[PDB]
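The block underneath contains the structure these notes are about, expressed in structure tokens.
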Amino acid sequence: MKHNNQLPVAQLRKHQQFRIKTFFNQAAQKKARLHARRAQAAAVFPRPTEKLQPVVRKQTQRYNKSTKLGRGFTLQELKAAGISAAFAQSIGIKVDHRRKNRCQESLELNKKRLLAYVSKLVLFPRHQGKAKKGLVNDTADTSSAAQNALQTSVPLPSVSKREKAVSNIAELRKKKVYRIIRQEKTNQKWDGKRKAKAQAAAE
Amino acid sequence: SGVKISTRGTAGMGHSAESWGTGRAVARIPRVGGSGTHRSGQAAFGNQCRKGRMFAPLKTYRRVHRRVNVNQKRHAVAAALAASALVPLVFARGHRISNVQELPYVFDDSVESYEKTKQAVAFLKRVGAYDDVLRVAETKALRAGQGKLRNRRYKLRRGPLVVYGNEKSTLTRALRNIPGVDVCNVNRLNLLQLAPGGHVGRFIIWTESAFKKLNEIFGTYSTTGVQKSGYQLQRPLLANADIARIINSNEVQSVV
Amino acid sequence: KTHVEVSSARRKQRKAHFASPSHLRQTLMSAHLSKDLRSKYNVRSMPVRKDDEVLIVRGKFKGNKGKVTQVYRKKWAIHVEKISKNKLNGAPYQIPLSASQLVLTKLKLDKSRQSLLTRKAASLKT
RNA sequence: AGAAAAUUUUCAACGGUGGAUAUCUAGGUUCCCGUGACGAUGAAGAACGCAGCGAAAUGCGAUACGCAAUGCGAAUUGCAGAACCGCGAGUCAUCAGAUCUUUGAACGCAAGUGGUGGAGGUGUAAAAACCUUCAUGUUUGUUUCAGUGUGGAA
RNA sequence: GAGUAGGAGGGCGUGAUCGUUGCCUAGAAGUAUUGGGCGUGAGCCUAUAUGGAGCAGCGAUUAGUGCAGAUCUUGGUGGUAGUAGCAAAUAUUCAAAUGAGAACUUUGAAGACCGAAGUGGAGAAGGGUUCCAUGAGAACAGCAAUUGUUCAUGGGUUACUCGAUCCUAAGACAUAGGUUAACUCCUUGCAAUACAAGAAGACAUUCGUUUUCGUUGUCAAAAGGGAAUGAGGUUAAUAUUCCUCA
RNA sequence: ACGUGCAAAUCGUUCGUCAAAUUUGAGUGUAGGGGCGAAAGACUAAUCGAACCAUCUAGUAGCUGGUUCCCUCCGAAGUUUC
RNA sequence: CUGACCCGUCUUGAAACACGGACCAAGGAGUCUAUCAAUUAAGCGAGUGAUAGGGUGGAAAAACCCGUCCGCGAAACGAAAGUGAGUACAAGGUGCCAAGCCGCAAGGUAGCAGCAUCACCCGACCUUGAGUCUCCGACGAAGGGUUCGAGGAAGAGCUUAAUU
RNA sequence: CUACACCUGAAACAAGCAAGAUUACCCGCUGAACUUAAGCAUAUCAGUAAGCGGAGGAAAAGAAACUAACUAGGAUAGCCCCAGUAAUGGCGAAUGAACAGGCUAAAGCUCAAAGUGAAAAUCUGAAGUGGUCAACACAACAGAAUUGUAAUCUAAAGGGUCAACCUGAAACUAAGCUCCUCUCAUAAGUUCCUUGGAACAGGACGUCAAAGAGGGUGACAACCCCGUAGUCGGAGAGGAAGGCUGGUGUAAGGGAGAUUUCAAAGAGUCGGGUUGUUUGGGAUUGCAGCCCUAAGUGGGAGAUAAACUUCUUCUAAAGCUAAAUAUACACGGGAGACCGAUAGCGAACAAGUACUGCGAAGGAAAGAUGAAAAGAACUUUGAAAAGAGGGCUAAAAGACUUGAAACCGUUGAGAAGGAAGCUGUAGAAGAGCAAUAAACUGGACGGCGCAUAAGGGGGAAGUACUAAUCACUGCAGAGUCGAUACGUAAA
Ligand SMILES: [Mg+2]
Ligand SMILES: [Mg+2]
Ligand SMILES: [Mg+2]
Ligand SMILES: [Mg+2]
Ligand SMILES: [Mg+2]
Ligand SMILES: [Mg+2]
Ligand SMILES: [Mg+2]
Ligand SMILES: [Mg+2]
Ligand SMILES: [Mg+2]
Ligand SMILES: [Mg+2]
Ligand SMILES: [Mg+2]
Ligand SMILES: [Mg+2]
Ligand SMILES: [Mg+2]
Ligand SMILES: [Mg+2]
Ligand SMILES: [Mg+2]
Ligand SMILES: [Mg+2]
Ligand SMILES: [Mg+2]
Ligand SMILES: [Mg+2]
Ligand SMILES: [Mg+2]
Ligand SMILES: [Mg+2]
Ligand SMILES: [Mg+2]
Ligand SMILES: [Mg+2]
Ligand SMILES: [Mg+2]
Ligand SMILES: [Mg+2]
Ligand SMILES: [Mg+2]
Ligand SMILES: [Mg+2]
Ligand SMILES: [Mg+2]
Ligand SMILES: [Mg+2]
Ligand SMILES: [Mg+2]
Ligand SMILES: [Mg+2]
Ligand SMILES: [Mg+2]
Ligand SMILES: [Mg+2]
Ligand SMILES: [Mg+2]
Ligand SMILES: [Mg+2]
Ligand SMILES: [Mg+2]
Ligand SMILES: [Mg+2]
Ligand SMILES: [Mg+2]
Ligand SMILES: [Mg+2]
Ligand SMILES: [Mg+2]
Ligand SMILES: [Mg+2]
Ligand SMILES: [Mg+2]
Ligand SMILES: [Mg+2]
Ligand SMILES: [Mg+2]
Ligand SMILES: [Mg+2]
Ligand SMILES: [Mg+2]
Ligand SMILES: [Mg+2]
Ligand SMILES: [Mg+2]
Ligand SMILES: [Mg+2]
Ligand SMILES: [Mg+2]
Ligand SMILES: [Mg+2]
Ligand SMILES: [Mg+2]
Ligand SMILES: [Mg+2]
Ligand SMILES: [Mg+2]
Ligand SMILES: [Mg+2]
Ligand SMILES: [Mg+2]
Ligand SMILES: [Mg+2]
């Protein structure tokens with residue numbers, strides 16, 4: 001232990017010889033995954049690769065501003081779509097029963113998604129018989145033979161261009177932002193003692 | 001690669017072996033206790049000893065592979081191509097370009113559909129390429145020493161590299177068995193084929209599709225590249241690389 | 001080469017060769033057919049048999065022609081009549097030969113042979 | 001100039017000791033991929049055997065370096081004798097049917113012992129000798145039973 | 001123009017990899033040199049001899065990359081040195097024979113020893129073919145050898161009465177029951193820390209039937225207990241065993 | 001005496017005891033912080049004031065020893081503080 | 001003829017009556033992984049760079065393209081609650097001092113980078129406050145510090161290789 | 001009291017199950033010291049070695065008594081991040097996760113518990129009958145079972161009442177595909193010279209190449225032989241612990257939505273105390289003993305102990321579950337800037353062998369004649385080994401490739417009065433196919449053989465210039481592609 005350099009942080013203190021991980025399989029592994037995926041396509045041929053995924057906001061204050069692919073559709077949403085979980089599943093839709101909708105907009109996105117899905121759908125019944133729910137589409141669709149990816153057919157755009165208005169500037173200029181944030185933080189701070197005062201002056 | 005590690009230990013460590021201790025007029029090294037075998041009392045595991053473990057037994061997890069910044073991979077491939085275009089350089093590499101005409105050497109897609117080998121040969125012969133190919137053929141070496149037992153039997157110098165633009169072209173099957181020929185699809189190119197041995201400049205034969213896509217792929221000092229999606233080629237340090245011109249002009253000498 | 005399952009290792013192959021079980025050996029030691037026979041059966045090479053007539057193509061004994069006395073697969077040897085050398089005590093001894101240095105002038109003919117030949121010609125011309 | 005030899009000693013050539021160097025490799029080593037697939041239907045291991053001439057290693061088990069089936073289609077070979085040209089050679093391969101001594105989780109009991117019980121078979125005038133069979137736990141049942149366990153008609 | 005500890009700059013030499021230029025059955029690598037030269041030096045080039053299949057330069061890449069030492073590892077060799085030494089256990093000698101050869105083998109003739117507490121005749125433990133016969137190059141039998149406990153080839157170990165096998169001992173182990181994470185461990189002849197555990201008979205002769213009496217295992221002794229054999233003869237090698245007789 | 005033995009405890013003389021707490025074979029009971037001991041820290045397979053075998057184990061070493069090619073250049077410290 | 005103790009080692013001191021070395025061949029000792037830093041070459045620059053993974057591809061584990069996040073930089077000071085580089089038209093002064101321009105010269109002009117110093121700024125700790133409102137807790141015109149900070153004040157980083 | 005029934009236990013018998021093996025990876029336990037703190041107790045090494053019990057092809061884990069408090073997310077597992085962060089620690093040494101976010105992978109299901117009570121609707125065996133006969137379908141008779149089998153149900157519901165709209169065991173009947181195993185077949189010089197014992201070498205003429213990977217053939221062979229490539233090709237045989245998809249279609253079976261006096265869910269368990277132990281988990285990280293021992297809008301959780309008010313999230317105390325993940329083990333495949341017989345596994349070889357130890361356990365050395373044995377015929381001297389002749393062979397290369405050093409013998413040239421070697425300087429002798437040397441360049445002229453010179457015209461190609469043309473720079477019309485915090489609610 002000699003010079004000005006930063007205090008070391010021990011690494012190999014235990015017996016690591018038993019505990020090392022090697023990455024050469026990676027090479028072949030990637031490849032394997034490829035073929036797997038491909039062999040899925042072939043065995044699934046008429047149907048799409050990835051099953052239908054709703055969308056939500058991310059779980060953290062910092063992530064809220066972004067968009068994320070959900071695991072499943074909210075029963076509430078399937079209702080507004082008019083699909084039973086079971087059916088949606090026979091369709092290739094992904095359902096999640098513990099998720100709940102606390103916003104109108106979160107219903108909207110997924111409705112739009114579901115509908116979009118259905119509209120673009122082709123359904124093969126036992127040969128030459130037709131059916132009703134989510135319905136069933138004409139025998140000629142058998143010839144249509146669509147191999148498609150879900151991002152192409154059922155996507156989600158957003159562009160950041162924020163529209164400008166002057167009248168509002170005239171408006172917004174009359175308040176004071178700092179003062180605001182301050183008095184607010186303040187209110188949250190002293191709320192408890194204040195309510196307690198109300199209760200105490202009331203009794 | 002690495003040296004045997006097993007239940008017993010790193011190789012050479014496979015004895016229960018002691019240090020006799022100072023009293024015996026023998027060295028302190030570990031020996032093998034036991035009876036009845038000539039190996040008995042023989043020095044035990046350590047660098048010094050016949051039949052012992054190495055200085056630094058060599059491991060699997062030695063990190064061999066390195067990763068290059070994309071921009072520098074590209075800049076490299078570029079400067080390589082740049083090189084491939086000047087006669088002095090490819091001649092300097094030892095390629096035989098004498099009967100070759102105009103570099104870059106570009107041809108029609110008539111080539112891309114070649115199937116049999118004979119016509120790829122006839123091709124090289126016409127174009128005057130074949131001289132270079134001849135050379136790969138006339139210097140063919142048995143590898144010096146160990147390499148042979150290691151499954152590399154022959155050292156062959158590199159011949160002409162062709163760059164085709166059509167994904168489905170047969171030029172591949174065509175050139176295959178010709179020693180020294182090298183086939184590449186324009187969209188993905190290797191500094192490794194471009195500058196074998198890190199040695200800049202090489203004989204290339206190009207297609208039309210090849211040659212044309214070159215620009216879309218890379219781009220130019222006006223525009224970015226498409227395929228490289230934002231790659232800008234190197235900004236020259238000196239517009240003119242003749243210091244001749246610059247030392248020898250009016251402005252220079254008036255003042256000098 | 002096109003196939004990952006094809007061993008390019010000196011070791012593995014040499015091994016295959018010398019570790020060759022008898023039946024495979026017969027294949028491994030085989031001779032080239034005469035212009036005539038080549039043309040007849042549309043087959044380049046054939047595994048040697050003990051009743052065949054052959055011509056030594058290369059060696060101090062090149063140019064000599066005769067019947068195959070012994071296919072000794074273990075010793076890797078083919079023996080040909082009158083290809084022996086004489087010893088000072090007056091004792092004769094055979095001189096062994098590598099098939100791939102031989103040429104088949106006349107085959108021993110019989111059903112199995114004909115079938116083999118037939119298969120070879122078959123993939124060949126077709 | 002004890003200006004010869006012997007001894008001691010330098011250098012070279014040849015010879016002798018010795019097995020370095022060079023060049024090889026049916027070996028090792030590491031990496032990636034594929035299958036996990038032993039056993040009371042007796043495993044893994046152990047003992048003793050099995051070739052015309054055989055110790056070992058490998059194979060095999062009284063059908064004993066091997067039977068059968070299948071594919072290759074003429075050898076094995078160190079010696080000797082046969083067999084095979086297709087009724088098919090072979091120290092060939094494949095392997096899906098057989099053989100599988102004494103043992104070993106190891107099993108009637110016992111064991112530094114080929115010792116010794118019961119039942120059945122055999123053998124005999126009767127024996128001897130030979131042969132087959134019997135371990136423990138557990139889930140069902142089957143059959144025969146016990147209980148001052150609970151009930152209980154004639 | 002000094003220099004240990006130490007540091008810096010250049011260079012020499014060795015594998016292997018990507019390049020580039022080439023050399024080799026018209027003889028590569030390696031090896032020997034009181035042949036000729038090149039570097040201040042790492043080192044180099046050539047010549048001759050040997051050798052009999054691979055080599056080499058240049059630019060980079062990489063390193064199990066340079067040894068006089070560590071009582072360093074493994075292997076091989078010296079001087080000491082034809083030296084120390086081959087001296088306990090009283091002893092040998094003569095002739096013949098055999099053999100290339102005899103102080104060391106075989107017969108005979110002499111002289112001595114162990115002196116029935118043996119250098120004798122047989123066993124147990126331990127050894128495992130060392131036993132018998134014929135033959136014999138090397139090695140071994142610290143001199144020697146024609147000889148052998150050595151080498152090669154063949155052949156030898158017969159039982160109602162000998163012993164093992166049976167019995168019990170000091171002891172020990174199952175079963176049953178209990179303990180343990182589990183493995184393991186605890187009890188058991190005065191038999192149990194267990195216990196619905198057995199044996200016999202007869203008819204039947206299977207079962208079954210039937211009857212009687214009943215708590216329940218095994219191993220440990222080649223000197224202990226312990227049903228009955230002797231003499232004579234025979235083989236190159238076995239015999240209280242084979243043969244004969246009793 | 002031998003002490004590079006005949007011998008990792010022997011040999012010559014001499015000596016203790018010699019019908020008992022005598023000598024001795026086999027079988028059987030005791031195993032490592034444990035045995036076993038008329039007690040010497042004795043004995044426990046040439047190992048004992050804690051056997052032997054393998055493993056953790058290349059145990060740690062402020063200490064001893066070694067630390068492998070050339071040239072050229074610069075060139076020390078044995079004092080301060082804790 | 002002149003000069004010439006035995007090497008290696010530890011030591012103030014070795015030819016030492018200090019230790020290792022009878023001889024020879026082959027073997028034989030600062031590596032490998034990670035970590036931070038300084039320097040050198042590379043790329044890009046208020047950005048930089050992926051990893052995982054996707055997608056293609058040579059016979060082949062290469063290569064070639066994609067890779068919404070992430071790292072590290074881009075803001076700091078506080079234990080923390082918290083605040084944030086305070087006159088929108090700022091980004092300074094001074095002493096040393098380089099280019100360019102003047103001048104034969106003497107010197108004159110200018111003032112980049114760095115060093116020293118003074119000033120301003122954000123935050124910690126102190127101190128002070130008209131007035132304002134969602135008035136009991138916040139806001140803020142004016143005015144300050146003997147102090148504290150791995151900070152502002154026209155961003156210098158990020159990835160790669162090598163050495164110590 | 002008997003017969004008999006039922007509960008409980010017992011024996012023999014029939015049919016099936018467990019007992020050991022395996023080591024790399026996996027599960028449940030048990031559990032240290034060396035070492036680091038420069039001492040040393042806590043700590044560290046470390047839940048690590050050793051030990052024990054269980055598996056599998058993977059294991060385990062898994063459908064929330066999870067996160068998070070945000071415009072939330074949503075099984076488990078691996079990768080990347082978060083991170084060397086929060087935390088733990090003689091706050092010393094040193095320990096040290098997770099949420100959010102980017103990916104790989106994707107999957108969800110079965111029980112207990114009011115409800116057959118218009119009727120045990122259930123499960124197991126089964127002489128047997130059909131069969132693809134070991135695997136399937138029925139089955140007389142028997143057991144199990146109301147101290148309860150099967151249908152509904154599992155909170156995402158559900159019962160009850162409607163109901164659009166759906167489904168199909170049985171039987172009958174057509175055509176097919178997937179995967180595995182063992183076999184069989186495929187280009188083109190053996191032309192010519194020279195050196196070789198051998199041509200696979202160096203030359204001359206030829207060929208094939210979706211085959212110039214790699215091997216073997218007396219030598220560094222694409223073309224002599226095996227192979228390689230066309231070949232996820234063609235042909236033949238046998239397979240599925242008895243692979244997979246049709247068409248009619250029976251008894252029967254579902255249910256979006258709608259409504260409704262309905263709506264029921266795991267106990268010595270959860271929770272608490274205490275004591276150990278464990279985790280970063282720190283006055284409630286996990287677990288285990290002992291002592292308490294519940295509830296039913298109850299009960300968990302919301303990273304500080306305890307009340308009290310409000311909000312958030314999930315339903316524990318029963319079960320199943322592919323994939324992405326781990327594999328120093330076994331049998332296979334392929335490969336490598338590995339090693340190359342003191343290296344590489346200890347073992348290239350009758351290597352876990354010979355050998356040693358009472359035993360547990362220890363454990364080596366040892367690879368290359370030649371293309372072919374052609375392995376040395378025969379003569380001679382020897383008792384024999386062997387020598388001398390003679391011979392094989394390209395060569396003895398002869399128990400064997402090369403054949404270094406140390407050491408030893410012979411032959412040669414030298415040298416020495418109680419050691420040797422060595423820097424500097426000369427000399428002598430000895431050994432020699434000799435590495436240095438009076439040569440080289442030119443003028444004029446001569447003798448020889450070959451070519452055609454300078455100078456002059458000429459002026460392809462070259463360079464330089466320069467209008468007309470034309471790359472590039474600049475400007476830039478029309479088409480097609482793209483971008484755009486310009487613009488629109490989007491267009
Ligand atoms: Mg895997
Ligand atoms: Mg000593
Ligand atoms: Mg060619
Ligand atoms: Mg010599
Ligand atoms: Mg047959
Ligand atoms: Mg039983
Ligand atoms: Mg009763
Ligand atoms: Mg190496
Ligand atoms: Mg020659
Ligand atoms: Mg050189
Ligand atoms: Mg020669
Ligand atoms: Mg180099
Ligand atoms: Mg060396
Ligand atoms: Mg040495
Ligand atoms: Mg000696
Ligand atoms: Mg003596
Ligand atoms: Mg005697
Ligand atoms: Mg005696
Ligand atoms: Mg006797
Ligand atoms: Mg007793
Ligand atoms: Mg007892
Ligand atoms: Mg008796
Ligand atoms: Mg008798
Ligand atoms: Mg005495
Ligand atoms: Mg000290
Ligand atoms: Mg002197
Ligand atoms: Mg000396
Ligand atoms: Mg002195
Ligand atoms: Mg010392
Ligand atoms: Mg990558
Ligand atoms: Mg930051
Ligand atoms: Mg300033
Ligand atoms: Mg009962
Ligand atoms: Mg088991
Ligand atoms: Mg350690
Ligand atoms: Mg210490
Ligand atoms: Mg810990
Ligand atoms: Mg298994
Ligand atoms: Mg990290
Ligand atoms: Mg995530
Ligand atoms: Mg039946
Ligand atoms: Mg019943
Ligand atoms: Mg061919
Ligand atoms: Mg000739
Ligand atoms: Mg040729
Ligand atoms: Mg070849
Ligand atoms: Mg093929
Ligand atoms: Mg514990
Ligand atoms: Mg609590
Ligand atoms: Mg659960
Ligand atoms: Mg001779
Ligand atoms: Mg020779
Ligand atoms: Mg000499
Ligand atoms: Mg003399
Ligand atoms: Mg002298
Ligand atoms: Mg003299």
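Computed from the coordinates by the stated procedures, all read-outs in this text should not be read as laboratory data. Because the Cβ atoms are built from the backbone with ideal geometry, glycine has one as well, and the counts that use them run over all protein chains shown.
The figures follow:
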{"read-out": "Partner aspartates and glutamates for A:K176 [C-alpha distance under 13 Å; skip if fewer than 8 residues away on the same chain]", "value": "A:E184"}
{"read-out": "Average other protein chain Cβ within 10 Å of Cβ, residues C:8-14", "value": "2"}
{"read-out": "Residue with peak Gaussian network fluctuation, chain B [Cα springs, cutoff 10 Å], from B:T60, B:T207, B:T170", "value": "B:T60"}
{"read-out": "Rounded if a/c under 1.5, otherwise prolate or oblate - chain C, Cα gyration tensor axes", "value": "oblate"}
{"read-out": "Placed amide H near A:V55: partners under 5 Å, 5+ positions off or other chain", "value": "A:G70"}
{"read-out": "Two-site label geometry, A:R98 and C:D110: point separation in nm, points 7 Å out along Cα→Cβ", "value": "7.9 nm"}
{"read-out": "Kirkwood Rh in Å, taken over chain B so that all alpha-carbon pairs contribute", "value": "23.8 Å"}
{"read-out": "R0 of 30 Å, Cβ-Cβ distance C:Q13-B:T7: FRET efficiency to nearest 0.05", "value": "0.35"}
{"read-out": "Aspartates and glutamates with Cα under 17 Å of C:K111, excluding same-chain neighbours fewer than 8 positions away", "value": "C:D51, C:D52"}
{"read-out": "Choice from B:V26, B:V226, B:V100 showing the highest fluctuation, given a GNM over chain B with Cα pairs closer than 10 Å", "value": "B:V26"}
{"read-out": "Whole-angstrom gap from segment B:1-36 to segment A:37-99, using each part's C-alpha centre", "value": "63 Å"}
{"read-out": "Cα gyration tensor, segment B:159-248 - rounded (a/c under 1.5), prolate or oblate", "value": "oblate"}
{"read-out": "Mean projected area in nm² (Cα convex hull; one quarter of hull surface) for chain A", "value": "28.7 nm²"}
{"read-out": "Sorted by Cβ neighbour density within 10 Å, fewest at the top, the residues A:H15, C:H79", "value": "A:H15, C:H79"}
{"read-out": "Estimated dipole of chain B in Debye, rounded to 20 [Cβ of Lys and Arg +1, of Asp and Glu -1, Cα centre]", "value": "2140 debye"}
{"read-out": "Degrees between helix B:208-218 axis and first principal axis of chain B (Cα, 0 to 90, nearest 10)", "value": "70 degrees"}
{"read-out": "Cβ-based net charge around B:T170, under 11 Å, with every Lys or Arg adding one and every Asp or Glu removing one", "value": "+2"}
{"read-out": "Cβ crowding within 10 Å averaged over residues, with A:131-139, A:187-195 ranked highest first", "value": "A:131-139, A:187-195"}
{"read-out": "All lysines inside 19 Å of A:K193 as judged from Cα atoms, apart from same-chain residues fewer than 8 positions distant", "value": "A:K185"}
{"read-out": "Viscosity 0.890 mPa s, temperature 25 °C, Stokes-Einstein D of segment C:49-105 from Kirkwood C-alpha radius, µm²/s", "value": "213 µm²/s"}
{"read-out": "Across B:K148/C:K60; B:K59/B:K140; B:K168/C:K1, pairs whose alpha-carbon gap is larger than 29 Å", "value": "B:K148/C:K60; B:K59/B:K140"}
{"read-out": "For segment A:89-100, Karplus couplings with θ = phi - 60° (6.51, -1.76, 1.60), whole Hz, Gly/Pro x", "value": "5, 5, 7, x, 9, 9, 10, 9, 7, 8, 7, 10"}
{"read-out": "Rg/Rg_globular for segment B:62-105, with Rg_globular taken as 2.2 N^0.38 Å and Rg from C-alpha atoms", "value": "1.63"}
{"read-out": "Rough spin-label spacing in nm, given labels placed 7 Å along Cα→Cβ, for B:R143 and B:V64", "value": "1.3 nm"}
{"read-out": "Convex hull (Cα only) mean projected area of the protein assembly as shown, reported in nm² to one decimal", "value": "70.0 nm²"}
{"read-out": "Over 23 Å (Cα to Cα) - which of C:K35/C:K65; A:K94/A:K133; A:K65/A:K175 fall in this group", "value": "A:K65/A:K175"}
{"read-out": "Cα-based radius of gyration of segment A:87-203 once divided by 2.2 N^0.38 Å, which approximates compact folds", "value": "2.02"}
{"read-out": "Most fluctuating residue given options A:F24, A:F73, A:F87, as computed from a GNM of chain A linking Cα atoms under 10 Å", "value": "A:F24"}
{"read-out": "Pairs from C:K75/C:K108; C:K40/C:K120; A:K58/A:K100 whose Cα-Cα separation, in the structure shown, is over 18 Å", "value": "C:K75/C:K108"}
